[PDB]
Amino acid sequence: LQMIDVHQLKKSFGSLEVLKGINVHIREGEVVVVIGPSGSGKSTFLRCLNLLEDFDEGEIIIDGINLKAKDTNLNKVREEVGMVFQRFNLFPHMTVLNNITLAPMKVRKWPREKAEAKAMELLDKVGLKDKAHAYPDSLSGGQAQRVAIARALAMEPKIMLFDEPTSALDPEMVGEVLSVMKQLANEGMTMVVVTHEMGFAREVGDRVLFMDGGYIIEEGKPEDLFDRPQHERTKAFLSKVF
């Protein structure tokens, strides 16, 4: 059972508790959308799942693997989980192609060149094979983020975490990235997607989790949560985004 299992997870940056007891159970192939104001721990939660962040209390089990067990191969799980940030996914001094093959070639000891056959692959997947030999400075935000996804997908992960992949793009460039994330969900990928694009949520998401104050205030199918929120706070937040 369960691809992602989180129990009473708590995190504190110094003296401040950022996550105050989070419980989440994500099934394989589920697309969970996380929403909520800024500073409610959305990004911190994702960093814990991708092991970029350590935590205080609770347990985190990635596909049967507890992240804090003695006999755990942590780097096995690190490769297992891919992540796309709102910004800073690409190295500006490297070509799009080399960006995508940097990790597989160096971590997965893989491949030196199935190393780049994989990359040309995904580039066609996101519709930018035509940009293989370009540098990040030539790409639009929309293209750059599509490349960041192809880069995360390059490691062949079972889980894909998106941290507001489009919130830094102007209105007209959001569509192309979301479209790729949609095609990804339709392919059976387990995805935890933090976003404010409540249109993508409805369309692609299985469940939605509304976070606020380091707690998960309410959850439920997009339809039910966006149309019929049950908690006032969920209303107070939705009534200024949807």
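For clarity, a rigid core is taken as the largest C-alpha set superposing within 1.5 Å between two forms. For every residue, the number given is its place in the sequence shown, counted from 1.
With 65 to 73 and 190 to 198 as candidates, the stretch whose CA atoms show the greater average offset from this form in 4 other deposited structures of this protein after a core fit is 65 to 73. With 110 to 118 and 139 to 147 as candidates, the stretch whose CA atoms show the greater average offset from this form in 4 other deposited structures of this protein after a core fit is 110 to 118.
For the pair 204 to 212 and 180 to 188, the mean B factor over Cα atoms is greater in 180 to 188.
In this entry, the higher average B-factor at the C-alpha atoms falls on 117 to 125, of the pair 166 to 174 and 117 to 125. Within the listed group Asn89, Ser140, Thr72, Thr95, the record reports its top CA B-factor for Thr72.
Placement of the Cα temperature factor of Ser15 within the chain: highest third of the modelled residues, per the deposited record.
In the deposited entry, the Cα temperature factor of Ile65 places it in the middle third of its chain's modelled residues. When the modelled residues of the chain are ordered by their C-alpha B factor, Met198 lands in the highest third. Ranked within its chain, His133 lands in the middle third, by CA B factor from the PDB record. When the modelled residues of the chain are ordered by their C-alpha B factor, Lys158 lands in the middle third.
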